[PDB]
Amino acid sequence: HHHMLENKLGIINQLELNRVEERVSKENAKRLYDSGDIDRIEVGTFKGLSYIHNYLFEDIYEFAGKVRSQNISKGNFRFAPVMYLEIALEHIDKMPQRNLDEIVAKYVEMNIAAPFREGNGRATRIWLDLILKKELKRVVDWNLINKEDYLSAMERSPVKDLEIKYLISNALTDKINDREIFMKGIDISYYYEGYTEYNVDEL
């Protein structure tokens, strides 16, 4: 267990560590967008996801953007055992992304893979939007996706991706250059994970 800022700042409370982590990474997410850096990276690849994860969590989480060395025990959900991860990430890279069916299937596959130690959800929600922006000229208006519905559809996706597919298509917007949709979407993505201390636009 190693979070680069826990021993740097006197952090004794998990709530305080979670507070610093959200603040620092939200500032990184803001810069990723405004610098235009978000639009100069490989779309729908592990290389692309790795870039986002490292950009958000460098200096916060150890091995940011790097593939994990052990298995994930987050709930009863079956993430890919680490022995399958090299093969899994190569398959996802080669998966087609022509339409919503193909894009959702790809996203479900990346959610199962969960290649990093932690922050898989937040980095893959940004990654997804970039596939939608490039291939459909759409993004998700995350304000149209309720938290409880989102998690339920995600738990179900290894069996059937129909529920998550609906949530995304119904939330799709053509306002791909709308800064507020991106910023609000960052706060919602963090809310799905229990981080509500800050509003990235106030950073």
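Residue indices: 1-based, along the sequence shown.
Of the two stretches examined, 64 to 72 and 173 to 181, the record assigns the greater average C-alpha temperature factor to 64 to 72. The PDB entry records a higher mean C-alpha B factor for 54 to 62 than for its counterpart among 54 to 62 and 134 to 142. Split the chain's modelled residues into thirds by C-alpha temperature factor. Residue 88 is in the lowest one.
When the modelled residues of the chain are ordered by C-alpha B-factor, residue 101 sits in the middle third.
Among the modelled residues of the chain, residue 117 sits in the highest third by CA temperature factor in this PDB entry.
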